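Quick notes on the structure that follows.
Residue numbers (the numbering used here): 46 to 182.
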């Protein structure tokens with residue numbers, strides 16, 4: 046297929062938000078529903094990041110609902126060919142909310158994604174996330 050910068054951005058926006066949209070009940074379904082956003086190596090790294098962080102443990106323990114909204118528009122920091130595949134480094138700030146009847150906590154995070162073109166044979170979108178990095182401010 047074909048990819049536009051603007052299309053890739055809107056897509057990166059969706060993927061970033063989806064990653065922070067789950068709860069103590071549906072986490073497994075939501076987790077798995079997102080695998081399509083990722084490339085082979087991206088899925089491994091994303092899963093690894095999930096295990097290292099304690100987030101899922103607190104969400105379950107405190108039985109929270111996680112949501113997020115884009116704080117500013119996503120931007121392409123850099124684009125070009127990496128290892129034979131056209132790629133985009135996309136960054137977007139977000140406001141994440143962890144809440145329940147008893148708790149309400151918010152975080153300003155910045156998501157940085159490496160997005161690469163892949164075969165539509167395995168990923169109909171034609172692109173996938175190879176690296177998913179979260180940080181503050």
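Just so it is clear, CB atoms sit at the ideal spot from N, CA and C, and this is done for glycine as well.
{"Check": "Residues of its chain near residue 145, where Cβ-Cβ distance is below 8 Å and the 5 sequence neighbours each way are ignored", "Outcome": "107, 108, 109 and 110"}
{"Check": "Between the CA atoms of residue 97 and residue 6 - distance to the nearest angstrom", "Outcome": "Outside the displayed span of the chain (46 to 182) sits residue 6, for which this structure offers no information."}
{"Check": "Test item: CB-CB of residue 178 and residue 157 under 8 Å", "Outcome": "yes"}
{"Check": "Cβ-Cβ separation, residue 127 to residue 136 (assumed contact under 8 Å), whole Å", "Outcome": "In fact, because the Cβ distance is near 16 Å, the residues do not count as touching under 8 Å."}
{"Check": "Own chain partners of residue 139 with C-beta closer than 8 Å, once the 5 adjacent residues on each side are dropped", "Outcome": "61, 62, 65, 113, 114, 115, 116, 153, 154, 155 and 156"}
{"Check": "Nearest to residue 164 (by Cα), restricted to the options 82, 124, 69 and 71", "Outcome": "82"}
{"Check": "Outcome for residue 91 when other beta-carbon atoms lying within 10 angstroms are tallied against a minimum of 16", "Outcome": "buried"}
{"Check": "Segment limits, beta strand (DSSP E) that includes residue 176", "Outcome": "172 to 181"}
{"Check": "Same chain, Cβ closer than 7 Å to residue 86, five either side skipped, listed in chain order", "Outcome": "175"}
{"Check": "Expected contact under 8 Å - CB spacing of residue 173 and residue 84 to nearest Å", "Outcome": "4 Å"}
{"Check": "Bridge partner(s) assigned by DSSP for residue 121", "Outcome": "135"}
{"Check": "Three-state secondary structure (DSSP) of residue 156", "Outcome": "strand"}
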